[PDB]
Every structure is written in structure tokens, then in C-alpha cells.
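Chemist: What follows is a single structure, and I will ask about it in a moment.
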Ligand SMILES: CC(=O)O[C@H]1C(=O)[C@@]2(C)[C@H]([C@H](OC(=O)c3ccccc3)[C@]3(O)C[C@H](OC(=O)[C@H](O)[C@@H](NC(=O)c4ccccc4)c4ccccc4)C(C)=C1C3(C)C)[C@]1(OC(C)=O)CO[C@@H]1C[C@@H]2O
Ligand SMILES: CC(=O)O[C@H]1C(=O)[C@@]2(C)[C@H]([C@H](OC(=O)c3ccccc3)[C@]3(O)C[C@H](OC(=O)[C@H](O)[C@@H](NC(=O)c4ccccc4)c4ccccc4)C(C)=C1C3(C)C)[C@]1(OC(C)=O)CO[C@@H]1C[C@@H]2O
Ligand SMILES: Nc1nc2c(ncn2[C@@H]2O[C@H](COP(=O)(O)OP(=O)(O)OP(=O)(O)O)[C@@H](O)[C@H]2O)c(=O)[nH]1
Ligand SMILES: Nc1nc2c(ncn2[C@@H]2O[C@H](COP(=O)(O)OP(=O)(O)OP(=O)(O)O)[C@@H](O)[C@H]2O)c(=O)[nH]1
Ligand SMILES: Nc1nc2c(ncn2[C@@H]2O[C@H](COP(=O)(O)OP(=O)(O)O)[C@@H](O)[C@H]2O)c(=O)[nH]1
Ligand SMILES: Nc1nc2c(ncn2[C@@H]2O[C@H](COP(=O)(O)OP(=O)(O)O)[C@@H](O)[C@H]2O)c(=O)[nH]1
Ligand SMILES: [Mg+2]
Ligand SMILES: [Mg+2]
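Protein chains in written order, with the authors' numbering: chain B, 2 to 44, 47 to 360, 369 to 437; chain F, 2 to 44, 47 to 360, 369 to 437; chain L, 2 to 37, 49 to 439; chain G, 2 to 37, 49 to 439.
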């Protein structure tokens, strides 16, 4: 089958650029689009993410959306300017400038069709479309505006396909805009209703991980995006080669969403260690699960141990004993029975793929549906409230035709989300 | 069999010059008229468009008509001055100057016999005359005047042969004359009655295509004419070599005209892509049909999706699966059942020739009988009306002996044409 | 495709000097006619091609300047027609007593040229309204020429009695008397205001002290773009009668304004970066009108844009679309469109010893408008005033010019004004 | 992504000189425009790229300095708009009798630039409050420009009538009259105190004798970091409207303070070791405010920090966290946060013949605060006092400036002051 990858906004584009680096490397694809890998399984499911153009040129099944020419230019000027197809570069009038209404409601709305036409072109090149993956920020304006804008449009076209997104969440201590709550609140309002699964990633959390575990002196965005891309791959890596237990976006959703609306997930990645500490690694399934269930290795800022686990997905990579894995899963649930939600018998869904990440002997990725995430929503809601009570910055959206009712409705609906997570926590 | 190609006016001459470049290249003919092609099939039907003169000099079965010496000079001074026969260069007194009456009614009428004599000479060199192709503009004056003038005369001689024409239609936003409606209206009035098939091409539409798809920085007339020539070839290319399904001007007419009078067609051409984007092409039948049924790739300005398809011809070039083609045709009619006219069971006529355009692996050309084209006639009629209500510029035709009655009669008859297309649209 | 040029009084001749200098520059033709084009120069077997022109002045003075100055070897001596006594700013004398004494010769010289000329398209007359040798004589000649060549195009390039300033005080009379002949016999007339040009020289060429030399060069440059341009073989060779086809909607209204939008100083030639849209936009700005008229207070009937040198049709079309988008300038409501385009491949002509700096492309605009009609009202007032007092009337009566002719001339001018009013209002 | 710069009186021009010198230095552009950027310089085929700028002075003097000095070859002659008689420190004359005589030309030149400009973001106006040619004329122009381009961003960089010392005695009047236009039509205004700068030159650059040359260079350097910085493609390319998105919470409050925290002498460049936190900390010290204002007596509404050269986001975030930890400076209680970050990759600009020593990184701060509002009270007192005596009133009445206009101007200023009071108090 095939999956469409859409990138929206500078943040999403930079993450996606790193993502396509990673998986192109994974599948033996060079900077011309030519295949020079050593395995045959790299071509077994290459169709998932690549069109096979004449001459065996493999072309990212991806759409590049932005409203700020220049970022798009940096993409074309980068190593994958020879990889991405030119008619997938969609941009026009200047960007929203952190104005969600410009991104979703007005200026971005004008260019929707120029995206959807490409969506259709991509769809009709597929043998079986499984779903969509959106990569964007949750506060940027364009990425968050065009994000939910396109999500709505795409679902209208493909209501029965899987809507997946990787969203960068407003972090307590890592900012760059004072309307981050306005944009996030307006975005999530439409996100929930039109999304099947969404991942919440905090730059702050990554900033912590990239030092606490990776000991990076100068953690750059390219390193934080790199962490993200690793988990992005893991989510769908099971679809691209053989394994003892298969997995899927649908399979995950079936085992990760117990209550329709609660489809917000925390992502994590196994072996996190600095290059000087790698020599002390055991590389065992035990070791991996110690990291996977370590709160400090979660890429959401909220620490899971303030909430409970509605359900967990543990996707493993490489040769390993199925019993060994099962044993560790049991040990974990026995260890922290107070953390796992008792309403679920087996709180952990597992999967095991036969191929580790090139260069690793054995890896894994972690997807958690915890109730703790409600606290991130609370924090943002409070920031939103404080500003909204004074109608701060409201005229930036008023001038685009946005009323107060939307903002109060969104917040009311945000409260419902938190309330639901609290409903299912003791 | 053989087909006569007549060019009328600068526009028609420039298009034709490019046309003869194209098909001479197609059939391995150099700038002396000598054959140096690599295939044998290039000589299998070379008689269609060339006389075989002593020494194997292949001479365009074509008549060059103009009333403005100088354009004819540029033809003789061009690469095909060694190709075209000197007695096929028909010109005399200066041109109409955008005066249809001068082109058709008076000054041009004086020189009709000098053309028809050449027509007869060409006819008697043939083994079997199939029909005529006229290349001209629909507003130029001479090309549009001499055009319908000669069409009438030729049909009187050959009432049972096929009258085909490629007419450049007055474009909404691309002008160069303020009596474009007068000339067009007077022309089409006689065109319909005496024509078996006509193609409507807008310079504006080509201006859009040549940038939107070909990304040309400086689209010149030589590039727009080039687009036209590609489709001109496609119309008759089936007659000049082997194919899985043959086709013909008669065959097309039989499957393209359901109602005698409605023989106006929109032309299109498959693989339209810039030289930097060609590397991303799949070159599949699916891909080709996506382009062929793309409204944006239609060389008429009117967007087909505002009307319906009475009937479509899809002529393909090169080796391909017959099933594959049939599948795509089915998919298209299923996709847009609202666009196709339900009164027809199979709305698409297909043909497949064994030889792609030299340099292409696989191509195609599109001929659409849509009801949408009525809107072009409406627009022109409105412009005509606005001027005619004030008898604007009328004295230019009055001085040639043209009365008001002709103009009112023409418009009345133009309304009938539109009305008929509307009759057969929901 | 050939044509014949005609020059009268002093102004027509001086303008002609600039024109024929340009044509020489364009074709590389030397001052003795030697070439080291046949529509302006009769082919000579020795290589000394000679101008298809008739020069008339009832007082040889300006012609003597030609006869003794440069290009005395260029022009044929038979063409240099002169009188003995001048008309002296008297239309009636130029029309009758004085002009009629040479008009026979003039027509004979024209006939010779026309007999030599194969594909004669038409004529190009250079005259004023001020002098009688220009105004009155032209009136006589145009009538005679019209009779002989009813099928040939007659262009008249006239120097419009400027509204602000003039040099003779009896101009109104000579101007109004001319009007009813030009409107009757001409196929297309142009009206140029010296003062508007001087203003252009000040603003665009940055000239504090402008004179007839430079002024005429600009006018001639326009004519080159109108005519000679076509004869160099461009993308769109719009015929002279094709101009008329599209520019003229009625039997009358033969008054297009001819502008030139690459007017530029040598300094500006370095800093300024021109292109198709920039130049095209400039020609619709009420500054380079070449006449005391502000288009923004009338409507556009028709507009032919002539391009030279490095242009492409795409940009031209885009510029026009922008203009129609602008919508600041108004167009006649019953004229769907009014834009026509001519395009050359040959660059703009450069005058060694001129000012108009060399550019890679050029635009001329030939526009019919209702705004220009207002200029005649100003002349009407000047005429009416002097007429009311019958000032200087005895100079025309002394010829025998019927007083009623002046009243008739006015009525014909007034009719013309009325027609333009109706064009703008009606829909 | 392109913009247009505007310069008025003498001050706007002199500041402009520094700005365009910097831009040339940044892009390697020579004094004749030659490059051996398109958002400041119109692309020229010869390589001689020309500044997108309009220069206005009702007494050509300072423009003549430009016309005769260096960069006379850089700027286009059409851009150098001058009058004959100056406004002479009279807002009313600059607003009306004198300024209105050239405003038509000014707008026409702007239109040309705007027609050339594709993706116009907005304008950058350099003016004062002292002179009428700056104050009054700008008021006129901004109104006109606002009408034509209601959708384009209008930045105003003004030289604030300093509280301690000034050079004209009728400044209060011109200042207060300007206020109700800027507050009405501008999208974002900056206020700079010469005296605060001179003080900065003394303390940081160690200059005992500072003048407009060096003073202007500092101001220009700030503008480069605000604007040009974005056009070099950094990590965080904060748009000009994105600035407004985050800096401005209301329909008003368009008064950010622009500081530069790498101000340093050549000697200090050797001993001082700067970095992200050090420089960032310096910009929140009531010393480099660029205006007679002490932030510690008000609250921070919003604060955009723009970084250049060798910086990383980690250190920037850490520095900000430290600032919020410090808690000495107060922030608006209903503004959760107020920090926004822009980051370049291109280093700071160095002026050959300057003082501001070369550094590896730089920080600019664009901050909205309630503290600055206190500065207007000082102006109010100056105005009220002179107004009470109607001192010099006859110079404005002589123009026709309605006395009531002065009272209205004050009320609008007072409204602005009131708004800032409410911002700080309310929660
Ligand atoms: C000599 C050797 O064994 O080097 C290792 C290495 O030292 C370590 C430290 C790697 C290293 O990763 C990082 O330092 C890192 C840098 C920025 C952000 C995140 C991580 C490594 O760079 C990363 C690299 O990862 C891979 O090759 C995977 O296939 C990985 N690939 C990428 O992320 C990638 C990087 C650049 C270009 C293209 C792809 C991957 C993971 C999941 C899904 C798909 C691909 C590995 C094993 C190493 C180096 C090279 C030092 C580690 O990371 C990963 C993702 O494996 C960091 O902790 C682990 C443990 C590894 O042992
Ligand atoms: C290296 C290579 O493969 O080059 C291609 C190429 O790059 C592309 C872009 C060609 C190119 O066509 C154009 O760029 C073009 C220019 C003006 C107007 C219209 C088109 C090409 O020039 C055109 C040329 O077409 C042919 O050879 C056909 O036989 C075509 N011939 C002509 O039009 C022709 C041109 C010059 C002189 C004589 C004939 C043809 C098509 C239908 C019927 C008869 C003949 C081809 C494949 C190419 C080039 C050479 C780059 C494309 O066009 C055609 C008609 O094939 C444009 O989109 C297609 C896709 C092609 O891949
Ligand atoms: N544009 C232009 N106008 C001129 C020139 N010379 C004269 N004029 C105008 O022409 C007017 C008189 O026209 P002419 O017919 O040439 O005068 P003339 O040649 O002396 O003829 P008479 O006056 O009748 O003897 C003057 O008032 C000027 O305004 C010139 O070189 N260029
Ligand atoms: N920062 C800075 N301020 C200046 C400079 N030059 C003048 N000023 C200030 O500007 C005030 C007057 O502003 P301008 O509008 O330029 O005065 P002007 O140019 O003579 O215009 P008029 O006075 O109206 O004729 C002076 O009082 C100075 O305080 C300068 O170069 N830099
Ligand atoms: N994870 C990650 N987040 C980023 C990166 N760059 C920016 N962001 C976040 O995304 C937000 C801006 O989103 P952006 O793509 O610029 O939206 P836009 O400005 O409307 O186009 C910022 O507030 C950052 O927190 C990056 O490289 N990685
Ligand atoms: N497609 C195309 N159309 C043209 C070209 N040149 C002119 N035309 C169109 O044809 C019209 C003029 O026709 P023309 O051949 O000159 O007729 P004539 O002037 O009477 O000889 C113009 O209005 C143009 O729209 C060309 O090269 N290609
Ligand atoms: Mg005289
Ligand atoms: Mg001054």
C-alpha cells in the first residue's frame, strides 16, 4: 500500500526533510533517487513512500506546503532538491506571520486547491492508499493553520482513510511567539474532530533528552528534528519489511484508541546514549524497555508518572526472542501497576520487526496513550485564558474575520478533552 | 491517399511553417526535400503530404495563400524555402488590414482563381484525394476572409471530400484588433455551413499552458504554434503508419459529430512537462489520460468542466496495452459521469498507433466535442453586439459593399450554434 | 508598400530635416544619398538613393538652408519647390493668390513620384497651423491631392496651435480655416503641441533650454516608429490602413495622439532600468501626451501600441491587462476593447548629437480619445474673441476670403467637438 | 519580500545615508550601484542596482550634499525630490502650503516604485519631530500613503524630541501634532532620543565628543538588524508582520523601543568576551535604551530579540529563562509570556571608518513597555506651558492651523498615555 506525507510550515518542512533523509537512507536511496541498497527488502515496500519514475528514480510520495517562499527555497537548495518532485512544491503569497486565521481561514484558504490537486495526483498514482501523514507545528500559524485546513479538506475527500499527524506542541519554557496559545487552541479545536491519531512532541522535552541522554553541547533544531524523525519512521517501519509481529497505523489505532477522542500520543525512542557511553550498552530487550518506559525519555514535556497509561504500543526492531519481550512487558506492568489503567487487561500492545535501524543491533520505539498529557492542554489553556480575558492580540484575528465565539467555543471544547482524560484517570 | 494543406494569412502561415517542420522531421525529410530517415514506414505514407519529384525530392502537398507579400517572403527566406514549391506561393495586392470584406468579399475574391488553379494541379497529382486542411486565424481578416472564401470554393469543387480546419480563436485577454468580433462573426457564419470539422484554439489558452506546464520564461508565437503543430500532426498521424486501432478524419467525424452542425472541437496534447520535470514522469497510459482529461491542458480557452462531453477522441502513440488504455477510459467516464453526456454509451472513441513521436516513448492527442465551447461563442457574440449596436467600424465593411443584413444574419445564426450546444447540455 | 512625404512652410521642412536624418541613420544612407528602404528612398543604380519627398516654401529661405546645408546632395533639386513671395501667416494667400501659382508644379512633381512608385500606400504631410504657407497651402494641396488619389492614405502631421503660448497672433484664424479641409480630406491627422514637448524636454530629458532642433527630433522619432518601423519587418507588421481599421470607428474622428514613452536622458540611461511594462505604463501617464491634454478627463476610443527592439508579446499582453485592471483611465463603454499591438525586431533609432539616450526597446502610442476635443474649445474662444472684433479680418478679405467662410469653419469645428461628446456619452 | 524607504527633512536623509551605506557594505554594492538584496535594491541589468528610496527636502541643501557627495551615483535622480522654500520648523507649513506642492510628485514616485515592486511588504519612514519638513510633511505623506496602500505595513523611525535637550524651541508643537497622525496611520513606530544615544556613545563607545555621524550609524545598524537581517535567511526569519503579530496586542500601542546590546569600543573588543547571555542581559539594562526611559518603573508588554552571527537557540532560551528568573523587571500580568526570538546566520555589519568594533554576534531588542509612556508626559508639560501662553502660535495660525487642532492633538496623546496606564494596572 501507499501513504501520503504532507509537510506544512517551516517546522514541519525541516522535520520532514530530516525524515526523508532517514528513510531514504534506510531504503538505500541516494541523492539522485537511485537505489543502491544491499537488501531486497528495501524494495519490497519502497512503493509505500516512493513513486517509481522512469529510470528507477524513486520519488517521495510527499507534498510540500508552505506560505513562505524562502523556506521552500532552502529545501530545493538542500540535498533533496534532486529528490522531491517540483510540482509538489506548493507556495505563493507570503506566510501568516503566526496568524492562524491567515493560515487556515483566509490567505491559506485561497491556495487549498493547489494542494488538493496534487493530493489527487498522488492518490491516483497509488495502488492502495492507506492514509495521510501530516508534519507540522501547533502554534506556527501557517503550519497549524494550513494543517487543520488541509486535514479537514483531505478527510472530506478520504473520510475512510487514516489521518495521522506529528504535531510540535507549544513548550512551557521554549517559545518564539506570544500567540502560541491562540494558534494552538484554534488548531486543536479542528484537529481533534478530524484526526484519527496525533503525536505530541515538545521541543523542550527534546532539548532535555538531547542533553540528558545524548550529552550534546549544542543541540540544534537539526538534532531535535532528528530525534523526531526516528520515531516517525518507527511508527510505519513495520509496514516496510518483515517481522514476527506486524503492525500498522490502523492496527495501532485499534489498540491505542479505546475512546474515540483520546487519540493523543506521546512518542519515545529506544537506545538513547552518547557516543562515549555506547560502549557500556548491553543492547538487550530489558535495557531497551528500561529506556522506553523511562519518563525522562518521553518526547512530550509532560511526565507520564503524573497520570496513567490507557494503552501502550511497544514496537521493536531486529532479531530478538518473543518470550524475552513478553517477559519484559509483564515485568513492567507488574512493576508499575499503579501507573497502568486497570480497566485494560494487557496494557501493552507489542510488535516486532526483523530489521533494526541500519547500524543498530536492536532498537525500538514507544507510543504511549497516557492521561498525563491532559496537563499540557491545561497549561496552554491557562495561557490562552489569561490573554483571552483581555482580548489580547484578538484584533489580528478579528481583522481576518474571526469572532470571539470561535475562541470561546474552542476553549470550551479543549476543556472537554482534558476532562475526558481526567475522567479516565484516578 | 493524399491530403491538401492550405495555409491562409500570417498566423496560419507561421503555424503551418512549424507544422511542416514537425512532420518533415517525423518523416526523415531534410531541408532539401531529400529523405534520410531510418525507418521504412516513413515512406509508407509519405505520399499523404508530399509529392515525389524527380530525384526523390519530397514536396509539401500544400498551398501558401496570403495577401501580404513580406510574410510570404519570410517563408521563402526560412529553412523551408528549399522545400515548398514556388508556384504554391500565392500572393498579390496588399493585405486586408483586418478587413474581412477585403479578404473574402472583394480584394481577396479577385485572386481566388490563382489559388484554385493550384488546387486543381495538386488534385490531379493525387491518386486519391481524401480532403483538405485549412490553417488560419479567426479574426485576422485575410486568413479569416480568404479562409471561408476558399472553403466555399473548394467544397463546390469537392463537395464529397473532407473539409478540416484549424482556426485560431479570438481570446478574451489576448488581442491585437478591435474588430476581432466582426471578422470572427462574419467568418464563422460561412465556416459552419461549409465545414466538416473545425478545431478551436485560443492563444490565451496556449499562453497559459506554455507556462503552467512548460514553465517557459518567454513563450513566443513560435512556441505557441509549436503546441498547435503537435496536435495537428496527431489528428492525421494515424494515417501515416501502422497501429492497433486505425483512425481517420472521416472516422473521427463519424464518431465525433453526433449532430451535423456541432463539429467544433477542443484540441489537447499529452505529455506536457518542463525539461526539468521530465525526469519525474512515469510515462504510463494512466499518466497520459490524467493530462489529456485535464481542463488546464486544453488549447481552447473555455474550461470543459462548465459543459459536458458530447464525444471524445483519444488517439494514442506508441507501444501500449490495449486493455490498459480501455481500463483508463472506463475509469475516466466513471470518475466524471456528470461531465460526460449520458445520451452516449461509450463517450470516448479511441485509437492507438504503433509509433510514438520521435524522442517520446509514448504519447497521445485529445479531441473533445464539449458543449462548454458555446461560452466562447457567447463571449465573442457579446463583444460583437456591443460594437454592432453602435454600428462601430461598420463603414470599413460598408465601403466594401457589405450591408447590415449580413451582420444581423450572421449573429442570428451564431446564436443558433450556441443554442444547439445548450440544447444538448443539462 | 511605398510612401511619399510632403513638407510645407518652414516648420514642415525643419521637421522633415529631422525625419530624413533619422531615415539615413536607419539605413546607413549618406548625405549624398549613397548607401554603403525603398519605401522612402527611390532606388538609384549608382547607389545614391533619393528621398521620396516634396518640399514647398513660398519663400525659399528654409529650403535654401537645405540647398546649401547638409543633405543638399541627398535630396533631388526637382523636389525643392520654392516661391518668390511668402504667404506671410495668411491662410487665404497660401490657399489662393500665392500658393496657386506653384500648386501646378507641386502636383506635377507628386505625379512623377507616384508614377515612379509601384505599391503606393499613401502620403505623409508635415505642416503647421500658424503660417499660411503651411496652413493655407496645405489646404489647397490636400484638396488637389485628394482628387488625384482618392484611394491612397493621407496622413497629416500637424503642429497644433498651442493653447498656452504661440508666436503669431492670427493663428486661430489659420487653424480654424484648416480644420474643415483636414477633417474633409485627410485619412488620419496628428496634432502636436510644441509647448507640451518643451515640457517633456524639461521633465524627462532634463533640458532647461530646449529648441526646435531637439523638439523636431522627438517628433521625427515618433514618425519613424509609426511608419519606418513597419518597413523593417517585425513580429506584427500593422499596416497603415490597418491602423485606420482599428483606430478609427467612424467616418470622422481622425485625431490620434502620438506619444513616445522611452524619453530619457543619458544619465537616466544608466540608473533607470526600463522594460515592457514600465515603458507601456509611462505612455498612459498624462505627462508624455505630446499635447496639452489630460486623458483622465475623457475616454479612450482606441489605442495602438507600437513596440521596437527587445520586446515579447507575453509582456505586452500582461502590461495591457494591468492597464485594464488599473481602471483609472476610462474607455468608451461600447468599445469592448481598444488595444492593438505592433511589434518590431529592429531597435530604436539613435541620433548622434542628440539627447534621447540609446535604449534597447521603445514604445509609441497612437491613441484616439474624447479628451483631446477639449483643446479645440480653447481655440474656439481665441477665434471667437478676435472674430467678434473682426481683428485682422482685412488681411483675409484683402485676399477675398469670404467672411461667411470663417463662420462655416467654426461650425465644422464645433461639429467635430460635438461628435466626440456623443462618443463618450452614448452607450 | 521587498520594501520601500522614505527620507524627509535633513535628519531623515542623514540617517538614510548611514542606512544605505550599511546596505552597500552588506551586499558589496559600490557607490555607483555596481555589485561585484533585491528588497532594497532594484535589479539592474548592468549590475548597477538602485535603492528603493524616496528622498524629500523642501530645501535641497542636504539632498544637494547627496547629489554632490558619494552615492550620488548610487541613487536615482528621480528619487531626489526637493522643494524651493523650506517648511522651517513649522508642522503646518510642511503639512499644507509648502509640502502639498510636492506631495503629488512624491506619491507618483512611490507609485512607480510600488509598480516595480512585486511582493511589497511595506515602507520604512525616517523622520523627526523637530522640523516641519520632517514632522508636517510626514503627516501629510502618511495620510496619503495610507489611503493608497491600506494593506501594506508602515514603519516609522522617528527622532524623539529629547526631554533633556533640543535644538528648536517649537518642537513640542510639531511633536504633538505629529502624534495623532502616526498613531492613526502607522503600523509600527519607533522613538529614538539623540541624547540617550550620545550618552551611550560616552559610556559604551567611550566617546567624549559624539556627533550625528556616529549617532546615525548606530540607528542605521539597528534598522539593519530589524529588516535586512531577515533578508539574509536565518534560523528564524521573523516577518515584519510577524513582529506586529507578537509585539502588538491591541489596535494601538505601536511604540517599541529598539536597542542594540553589542555596543563596544575597539579596546573593549580585545578584553571583553561576549556571548549570548552576556549580550542579551545587557539589552535589559536601563542604559542602552536608546531613549530617556527607565524600564524598571514600568512593565514589559512584549519583547522581540533578534540575534545575528554566531548564536544558538539553546543559549538564547537559557538567557531568557534567566531573565524570567531574575524577576527584577516586571511584565504585564495578563501576558503569560512576551519573548520572541529571531535568529540570523549572517554576522553583524561593520562600518569601515566607524567605531562599533567588529563582533561575532549581535542582539537587537524590540520591546513594548508601559515605561515609555512617561516620556510623553514630559512633552505634555512642555506643550501645555508654551500653549498656555500661545507662544509662537501665530506661526501656525499664519498657515491657518486651527487652534482647536492643538487641543485635539493633546487629547489624542493623552488617550495614548491612558491606554498604557490601563495595560499595566489591569489584570
Ligand atoms: C558507530 C556507531 O554505532 O554509531 C552509532 C552511535 O554512536 C549512536 C550513539 C546513535 C547516533 O545518533 C545520534 O548521535 C543522534 C544525533 C541527533 C539526534 C538523535 C540521535 C548516530 O549519529 C546515529 C546512527 O543511527 C543509525 O544509523 C540508525 O539507522 C538511525 N539513523 C539516523 O538517525 C540517520 C542519521 C543520519 C543520516 C541518516 C539517518 C535510524 C533510527 C531509527 C529509524 C531510522 C534510522 C548510529 C547507530 C550511530 C551514529 C551514526 C553515531 C544514537 O541514535 C540513533 C538514532 O541510533 C544516539 O543514541 C543512539 C545509540 C547509537 O549507538
Ligand atoms: C531529451 C528529451 O527527451 O527531450 C524532450 C523533452 O524534454 C520534452 C520536455 C518535450 C520538448 O518540447 C518543448 O519543450 C516544447 C517547446 C514548444 C512547444 C511545445 C513543446 C522538446 O523540445 C520536443 C521533443 O519532441 C519530439 O521530439 C517529438 O517528436 C515532437 N517534436 C517536435 O515538436 C519538434 C520540435 C522541433 C523540431 C521538429 C519537431 C512531436 C510531437 C508530436 C507530433 C510530432 C512531433 C522532445 C521529446 C523533447 C525536446 C527536444 C526537449 C515536450 O514536448 C513535446 C512536444 O514532446 C514538452 O513536454 C514534452 C515532454 C518531453 O519530455
Ligand atoms: N514643431 C515645430 N514648430 C515650428 C517649427 N518652426 C516653426 N514652427 C511653428 O510653426 C509656426 C508657423 O508655421 P510655418 O508655416 O512654418 O510658418 P512659415 O514657414 O514662415 O510660413 P508663413 O509663416 O506662412 O510664411 C510657428 O508659429 C511655430 O510655432 C519647428 O521647427 N518645429
Ligand atoms: N538623530 C538625528 N537627529 C537629527 C539629525 N539631524 C537633525 N536631527 C534632529 O532633527 C531635528 C530637526 O529635524 P528636521 O526635520 O530634519 O529639520 P530640517 O531637515 O531642517 O527640516 P525643517 O527644520 O522643517 O526645515 C533637529 O532638531 C535635530 O534634533 C541627525 O542627523 N540625526
Ligand atoms: N521541532 C521543531 N520546531 C520548530 C523548528 N523551527 C520552528 N519550530 C517551531 O515552530 C514554530 C514556528 O512554526 P513555523 O513553521 O515557522 O510556522 P509559520 O511561521 O507560520 O510558517 C516555532 O514557534 C517553533 O517552536 C524546528 O526546526 N524543529
Ligand atoms: N496562434 C498564432 N496566432 C497568431 C500569430 N500571429 C498572429 N496571430 C493571430 O492572428 C491575428 C492576425 O491574423 P493575420 O494572419 O495577421 O491575418 P491578416 O492580418 O489579415 O493577414 C492576430 O489577431 C493574432 O491573434 C501566431 O504566430 N500564432
Ligand atoms: Mg513662411
Ligand atoms: Mg529643513
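Ideal placement from N, C-alpha and C gives every residue a C-beta, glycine not left out.
Apart from the five residues on each side of it in sequence, which residues of its chain come closer than 6 Å, Cβ to Cβ, to residue 143 of chain G?
Modeler: Mapped onto the fourth chain, residue 143 of chain G falls at position 131. If we look at residue 143 of chain G and ignore the five residues flanking it on each side, its Cβ neighbours are 10, 101.
Chemist: Leaving aside the five residues before and after residue 366 of chain L along the sequence, list all residues of the same chain whose C-beta is less than 8 Å from its C-beta, in chain order.
Modeler: For the purposes of this step, residue 366 of chain L is taken as residue 354 along the third chain, with counting starting at 1. 226, 229, listed in sequence order.
Chemist: Starting from the beta carbon of residue 247 of chain L, find every residue of chain F whose beta carbon is closer than 8 Å, and list them in chain order.
Modeler: Residue mapping note: residue 247 of chain L aligns to position 235 of the third chain, counting from 1. What residue 247 of chain L touches in chain F: 224.
Chemist: Is there at least one Cβ from chain B nearer than 9 Å to residue 262 of chain G's Cβ?
Modeler: As a first step, residue 262 of chain G is located in the fourth chain; it is residue number 250 there, counting from the start. Closer than 9 Å to some Cβ of chain B, the Cβ of residue 262 of chain G qualifies, so yes.
Chemist: What did DSSP end up calling residue 174 of chain F once you bin it into helix, strand or coil?
Modeler: In the second chain, counting from the first residue as 1, residue 174 of chain F sits at position 171. Reduced to three states, the DSSP call for residue 174 of chain F is strand.
Chemist: Comparing C-alpha positions only, which one of G:146, G:299, G:396, G:61 sits nearest to residue 207 of chain G?
Modeler: Locating residue 207 of chain G in the fourth chain gives position 195, where the first residue counts as 1. Here the closest residue by C-alpha is G:299.
Chemist: Do you know offhand how far residue 77 of chain B's Cα is from residue 244 of chain G's?
Modeler: The count along the first chain starts at 1 and reaches residue 77 of chain B at position 74. The count along the fourth chain starts at 1 and reaches residue 244 of chain G at position 232. So the two alpha carbons sit approximately 12 Å from each other.
Chemist: Just to confirm my understanding: we take residue 276 of chain F, look at its own chain, exclude 5 residues before and 5 after, and list those with CB closer than 7 Å. What are they?
Modeler: In the second chain, counting from the first residue as 1, residue 276 of chain F sits at position 273. Hits under 7 Å: 216, 284.
Chemist: Determine the closest residue to residue 354 of chain F out of F:24, F:94, F:249, with distance taken between C-alpha atoms.
Modeler: Your numbering for residue 354 of chain F matches position 351 in the second chain. The shortest Cα separation from residue 354 of chain F among F:24, F:94, F:249 belongs to F:249.
Chemist: Report the CB separation of residue 69 of chain B from residue 94 of chain B in whole angstroms; it is logged as a contact under 8 Å.
Modeler: Residue 69 of chain B sits at position 66 when you count from the first residue of the first chain. Residue 94 of chain B sits at position 91 when you count from the first residue of the first chain. 5 Å between Cβ atoms; contact.
Chemist: Indicate the three-state DSSP secondary structure (helix, strand or coil) for residue 250 of chain F in the structure shown.
Modeler: Here residue 250 of chain F corresponds to residue number 247 of the second chain, with the count starting at 1. Here residue 250 of chain F sits in coil by DSSP.
Chemist: For residue 432 of chain L, which residues of its own chain have a beta-carbon under 6 Å away from its beta-carbon, when the five flanking residues on both sides are left out?
Modeler: Walking along the third chain from the start, residue 432 of chain L turns up at place 420. Hits under 6 Å: 382, 385.
Chemist: Report, in whole angstroms, the separation of the C-beta atoms of residue 85 of chain B and residue 33 of chain B, which I expect to be a contact under 8 Å.
Modeler: Residue mapping note: residue 85 of chain B aligns to position 82 of the first chain, counting from 1. Residue mapping note: residue 33 of chain B aligns to position 32 of the first chain, counting from 1. About 6 Å; that satisfies the 8 Å criterion.
Chemist: Confirm the yes/no value for this check: CB of residue 98 of chain L, any heavy atom of ligand 7, distance under 8 Å.
Modeler: Translated into positions along the third chain, residue 98 of chain L becomes position 86. Within the cutoff, so yes.
Chemist: Would you kindly report the start and end of the unbroken alpha helix (DSSP H) that includes residue 240 of chain B?
Modeler: Residue numbering aside, residue 240 of chain B sits at position 237 when the first chain is read from its first letter. Run containing residue 240 of chain B: 224-240, per the alpha helix (DSSP H) assignment.
Chemist: Run the CB neighbour count on residue 187 of chain G, radius 10 Å, all protein chains shown included, and call it buried at 16 or more, exposed below.
Modeler: Counting from 1 along the fourth chain, the entry for residue 187 of chain G is found at position 175. When all chains shown are included, residue 187 of chain G counts as buried.
Chemist: Roughly how many angstroms lie between the CA atoms of residue 78 of chain G and residue 315 of chain L, to the nearest whole one?
Modeler: For the purposes of this step, residue 78 of chain G is taken as the residue at position 66 of the fourth chain. For the purposes of this step, residue 315 of chain L is taken as the residue at position 303 of the third chain. Taking the straight line joining both Cα atoms gives about 41 Å.
Chemist: Under 9 Å between beta-carbons, which chain L residues line up against residue 88 of chain G? List them in chain order, please.
Modeler: If you number the fourth chain from 1, residue 88 of chain G lands on position 76. In chain order: 280, 283, 284.
Chemist: Compute every distance between the C-beta of residue 15 of chain F and the non-hydrogen atoms of ligand 6, then say whether any falls below 8 Å.
Modeler: By one-based count along the second chain, residue 15 of chain F stands at place 14. Yes, the beta carbon of residue 15 of chain F sits closer than 8 Å to at least one heavy atom of ligand 6.
Chemist: Can you look up residue 323 of chain F in the DSSP assignment and give me helix, strand or coil?
Modeler: On the second chain, position 320 is the one that residue 323 of chain F refers to. In the structure shown, residue 323 of chain F sits in coil (DSSP, three-state: anything other than H, G, I, E or B).
Chemist: Do residue 86 of chain G and residue 363 of chain G come within 9 Å of each other at the CB atom, strictly closer than that value?
Modeler: The residue you call residue 363 of chain G lines up with position 351 of the fourth chain. The residue you call residue 86 of chain G lines up with position 74 of the fourth chain. Against a cut-off of 9 Å, the Cβ pair of residue 86 of chain G and residue 363 of chain G comes out as no contact.
Chemist: Between which two residues does the alpha helix (DSSP H) carrying residue 74 of chain L extend?
Modeler: Taking the third chain and counting its residues from 1, one reaches residue 74 of chain L at position 62. Segment 73-80, the alpha helix (DSSP H) holding residue 74 of chain L.
Chemist: Tell me, which residues are paired with residue 139 of chain F by DSSP?
Modeler: Within the second chain, residue 139 of chain F is the residue found at index 136, counting from 1. Per DSSP, F:9, F:170.
Chemist: Please confirm if residue 13 of chain B has its CB atom under 9 Å from at least one CB of chain G.
Modeler: On the first chain, residue 13 of chain B is found 12 positions in, with the first residue counted as 1. Judged by the 9 Å Cβ criterion, residue 13 of chain B is not in contact with chain G.
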